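**Student:** Experimental structure below, sequence on top.
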2 protein chains.
Amino acid sequence: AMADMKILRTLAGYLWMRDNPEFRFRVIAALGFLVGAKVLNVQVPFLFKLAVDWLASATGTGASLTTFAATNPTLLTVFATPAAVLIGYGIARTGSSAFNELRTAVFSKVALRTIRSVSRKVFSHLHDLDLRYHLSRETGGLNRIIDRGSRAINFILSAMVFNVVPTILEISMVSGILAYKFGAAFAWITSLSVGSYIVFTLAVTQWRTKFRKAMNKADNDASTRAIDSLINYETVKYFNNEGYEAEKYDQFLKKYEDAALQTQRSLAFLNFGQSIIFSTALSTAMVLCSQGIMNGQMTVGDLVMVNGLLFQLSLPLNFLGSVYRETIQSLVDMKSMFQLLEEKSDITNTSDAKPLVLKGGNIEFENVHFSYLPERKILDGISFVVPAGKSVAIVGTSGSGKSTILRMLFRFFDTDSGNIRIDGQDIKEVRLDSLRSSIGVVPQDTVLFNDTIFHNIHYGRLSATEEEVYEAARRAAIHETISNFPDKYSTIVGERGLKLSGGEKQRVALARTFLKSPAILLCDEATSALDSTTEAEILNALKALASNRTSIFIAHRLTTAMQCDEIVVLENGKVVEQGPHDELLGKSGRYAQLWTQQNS
Amino acid sequence: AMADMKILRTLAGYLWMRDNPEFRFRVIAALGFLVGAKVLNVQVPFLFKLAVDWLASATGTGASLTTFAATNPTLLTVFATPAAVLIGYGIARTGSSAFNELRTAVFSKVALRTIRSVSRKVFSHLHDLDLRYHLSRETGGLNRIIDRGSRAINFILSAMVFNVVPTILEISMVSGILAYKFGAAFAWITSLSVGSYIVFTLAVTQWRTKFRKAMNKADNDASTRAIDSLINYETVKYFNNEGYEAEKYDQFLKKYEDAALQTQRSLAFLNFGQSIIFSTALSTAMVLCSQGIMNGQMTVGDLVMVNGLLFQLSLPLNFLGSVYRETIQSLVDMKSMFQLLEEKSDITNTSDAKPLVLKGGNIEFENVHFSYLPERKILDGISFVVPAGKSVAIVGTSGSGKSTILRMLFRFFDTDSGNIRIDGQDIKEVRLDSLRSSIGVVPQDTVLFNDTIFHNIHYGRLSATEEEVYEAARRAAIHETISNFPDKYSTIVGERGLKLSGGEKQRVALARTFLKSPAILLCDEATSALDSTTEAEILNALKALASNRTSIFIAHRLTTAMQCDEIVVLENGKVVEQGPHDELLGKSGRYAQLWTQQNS
């Protein structure tokens, strides 16, 4: 899995921010606080060797004339009386646990920042991605991917920095104390012991996982069975109630109670050998030291430190055994996330950027063909020309697939062989931002976020004052229905708020697009059915809004939009008729039947 | 909360099964394996005091003429050479960890059995409960209650037996070692220390919980916000994409990154004071022992055991601090479960039990009134008499609420002021089992469990042979459609199986009630709409089945069931018309309009 190492490389690439000097200093401090602690925690038993001696010298009849043999602690520190050394022992160990605990605090303000930068970058890249990717993927999946990946990053960094590195620095240093009070043969025994212990725990965890999975399977089966059985209460009650039902549930719970009694004996074998494997080490160490003591070796009274060193090693070893499943799962979730990234968008623009300079809006289509799939090609050469400042209507059946128009004009999908003339300019060259900003559109379904009305009504253009939004309201003719707001026009809307019917939601859409003050207006049959009183007035409002801007309206219903200058009949995904509606009715064409059946 | 102690009393009541001798023996063995371990784990440092001595006697110039002062270990055990004592140390501690681990295995085969008995009893009591309780309560809730309660029982028993009892036996015994090498003042210091440590950890955990809740709130808010934002991609894309959106998500993730950086410093204070509070104890103990050593007290070289005893106490203390939330939550979930139990069913029967001896079925209703709610009383004195072996039809509108009939005849709900004559007998006296067994009914919706066809087809009466189910199939006329089964008539059905249409499901219902061979047949308009070919034949089949048994059919549609002898019109929950259908059509009554609009 070479790509897995590559993913680690990417993680290192993102982790290190050269740009800012402070980050490096933070990391350095962290490392310092990781070393200091782990050397005080070895000073602790050396202080317990020093305090066992001198105590024995007095009353014990130990040779007092040994002066200061080692001469390493010749400093007057902790030599006032033996009680001082014991106090130093306590202070030392407490300070070690302080340094080590402090390191975590120093390194979490770094971990959080890393997670934040990766998540923000992924978010922005996601929105940059083209529509096709979003449509194919499931909405829930994106959530799962981001949350699990961020959690995985946090877990892996904490697991490594706080567990893998301290354990190995500890073991290496302890075995590296071979310079003093040690022999070459003696040092290897502890390393071999700990290596065997780690191998045994890691190997037996794999075995444990199978039993855990079997138990989860059985438990889920029993629960689902007893829920299916409870749900279908009526059938059971009518005839032979709980006659043969309880016995069957009993059998399921016997299978569960056996698959659960098995895992205990399996954990038992591990939790026993995890003791014996580490006890043989301590027995071997002590018996070997005793032989030296009784054989007149330099070792005198220093047996008491070995217990301490072994205890220090014994504490954090257990964590390493159980990290395998988490590591593999996190390391594949991280590949998932970093695979979501680095996916290029289909709709690339050319290098040179030219801004859309549109004096007046003219829509000219020239043999635009587009097939979503090879079998069915939606548009088969639609060509029409809209005069500036006029209204043109696109009508047809629902099979005609007139949804594409909006997607194409917004450059969601590109044309296989055609062009789009905007004020006699080619869209392929102009910047995406300039075009999407200069065009105005009203959505078909007006989804509102959960926030204050004033935010959902100034959303169209930010930096909107209260007077601007007021003038938009007045033209939107919403003041009659807005003075009843419970929170003086700040009432919360959306979920956990006042539910809005379609008419007000449409008014909100109008009072959101009126703010933007666009150059061209495009509609997508916002309302399918509505009360007559609201329809008429909203139609008048949108007619007034569209008076100074060239507009294009796509309406499945005919009577709804008859006010345009020309009407483009669309049937079987091609241009059928181009004229004012009256001779369309008089041509016995598609428009004629559709309208004559709309009124009937 | 006196009732909480009462709940503990109930738990003790259920835990102890006097009936079986083996259970007590198991529990006794468990307790033994809980004592032995916890006394070997105190033998361990005594063996490390014994091995520190004698080693010092040689080469150390220790007085060899002290003979055997204590005379407690005068046994020749572990006196071959000092190496033997070290080996004994290792073997002892390993054996302690074996005994203690073994206890868990011995006590889990008891815990599982307890959980099983409580769950099975609750299940049966649940099914015993009347319909009203089931209808009011939510189906999901019952699941949640059972699963959480069983988990709580397991957690509380394991938590107490494995943690609370060992910790207190350990502490009490250690402080109880006051007989040897101790003073009255010295013993109290350790108890005061550990008591202060437990108080500090418990108190500061409450504080930690508030920060954890704030963090969970903030995390959920950030996630829900970013999902709402991702979902509404279109609105964002049309205008000012990620212009002001990213900054707002950023602010949410700043709030999260602060509420998460706060909890670390809060945990930090706990994880530091949990060290200093326990370090002051060790420093005080050692300095006090050193004063004795230097003052010519009996204590000689036994300082090395105190470290071990303190370490043994230090290991399992941490668990007790975090158990508060789990204990309170489990202790209230247990009250939930034991509150579900001991709820009596409304439909009690009288003491004396008389069996239903029905020579022939005669249905006689006499002024039966029943109101589900005081406002609307469904039945207002329905009285009619069915002759034996005949077919009678109950017809009406959907507002007439004719659903009650089935519930009442099955004695789901009792009559406020009326009686039901079954073969000239009163239902109130006869046993519920006898009546519900002697009556036959076909369900309206035929829910099938996920199992083999042969099980879903012999379900009506257990102990059904292959020939019995074959004859039921032949009369059910299902052999034509059954020889196509992929698994030679053992094909799985239900979910994750072959989906069945309404016609086959109805055939299954017929081939389930035909098995039971009841004395009286009752229908509940099983089919609302179906293909003509199946309807006709299934009607013929049910006519043949009902020929020898008196039958009652409730049909909302009129043309569907015209074959009965008499027809009972029901309108506004009262008997309107009683006759053969032809003069019902000729009476211009409810039946006449209903049928004339069914055919139109």
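**Tutor:** Nice, thanks for sending it over. Residues are numbered from 1 along each chain as shown, chains lettered A, B, ... in the order given.
**Student:** what about the residue most central in space within chain A, which helix or strand?
**Tutor:** Centrality entry for chain A: nearest residue to the mean C-alpha point is residue A:146, 1.8 Å, by CA atoms, centre = their mean. Residue A:146 is located in helix A:139-159, with elements delineated by DSSP states H and E.
**Student:** can you list contacts of that helix?
**Tutor:** Outside helix A:139-159, the residues that touch it by CB atoms under 8 Å, 6 or more residues apart in numbering or on different chains are A:11, A:111, A:114-115, A:118-119, A:122-123, A:126, A:323, A:326-327, A:329-331, A:333-334, A:336-337, A:340, B:223, B:226-227, B:230-231. For the C-beta atoms, the positions are set from N, CA and C on the backbone; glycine is no exception.
**Student:** Please pick the buried ones from those.
**Tutor:** The neighbour count (16 or more other CB atoms under 10 Å in any protein chain shown) marks A:11, A:111, A:114-115, A:118-119, A:122-123, A:126, A:323, A:327, A:330, A:333-334, A:337, A:340, B:226-227, B:230 as buried among these.
**Student:** In helices, which of these appear?
**Tutor:** Secondary structure assignment by DSSP state H places A:11, A:111, A:114-115, A:118-119, A:122-123, A:126, A:323, A:327, A:330, A:333-334, A:337, A:340, B:226-227, B:230 of the buried ones among the contacts of helix A:139-159 in helices.
**Student:** Could you check how many residues crowd around the residue nearest to residue A:125 when sequence neighbours are not counted?
**Tutor:** Across the structure, with CB to CB, 6 or more residues apart in numbering or on different chains as the measure, the residue nearest residue A:125 apart from its sequence neighbours is residue A:341 (5.8 Å). Residue A:341 has 12 neighbouring residues, counting by other CB atoms under 10 Å in any protein chain shown.
**Student:** Quick one: residues contacting residue A:341.
**Tutor:** For residue A:341, the residues meeting the contact criterion (CB under 8 Å, 6+ apart) are A:121, A:122, A:125.
**Student:** And those residues, which is closest to residue B:104?
**Tutor:** Sorting those by how near they are to residue B:104, with CB to CB, puts residue A:122 at the top with 45.3 Å.
**Student:** OK, contacts around the closest one?
**Tutor:** With contacts taken as CB under 8 Å, 6+ apart, residue A:122 has the following neighbours: A:146, A:337, A:340, A:341.
**Student:** mind checking how far it is from residue A:155?
**Tutor:** In this structure, residue A:122 and residue A:155 are 18 Å apart, going by CB to CB, to the nearest Å.
**Student:** Next: residue A:519.
**Tutor:** Counting by CB to CB, the gap from residue A:519 to residue A:155 is 51 Å.
**Student:** repeat for residue A:239
**Tutor:** Residue A:239 sits 54 Å away from residue A:155 when distances are taken as CB to CB.
**Student:** Show me which of those two is the more surrounded one.
**Tutor:** In this comparison of residue A:239 against residue A:155, neighbours counted by other CB under 10 Å, the higher total goes to residue A:239 at 20 against 16.
**Student:** Quick check: the more buried one touching residue B:436?
**Tutor:** Yes: under the criterion of CB atoms under 8 Å, residue A:239 makes contact with residue B:436 at 7.5 Å.
**Student:** Quick one: end-to-end distance for stretch A:176-191.
**Tutor:** 11 Å (CA to CA, to the nearest Å).
**Student:** got it, and stretch A:372-382?
**Tutor:** As for stretch A:372-382, its first-to-last residue distance stands at 16 Å under the measure CA to CA.
**Student:** Check which residues of that stretch are buried.
**Tutor:** Along stretch A:372-382, the positions that meet the burial threshold by neighbour count (16+ other CB under 10 Å) are A:378, A:379, A:382.
**Student:** ok, residues contacting it?
**Tutor:** The list of residues contacting stretch A:372-382 from outside it, by CB under 8 Å, 6+ apart, reads A:365, A:367-371, A:401, A:404, A:408, A:413, A:418, A:570, A:573-575.
**Student:** what about the residue in the stretch 201-350 of chain A positioned nearest to chain B, distance to residue A:294?
**Tutor:** In the stretch 201-350 of chain A, the residue found nearest to chain B is residue A:283; the distance is 3.7 Å by CB to the nearest CB. Between residue A:283 and residue A:294 the computed distance is 17 Å (CB to CB).
**Student:** For these two, work out which one has more neighbours and name it.
**Tutor:** In terms of neighbours (other CB under 10 Å), residue A:283 is the more surrounded of residue A:283 and residue A:294; the figures are 18 against 14.
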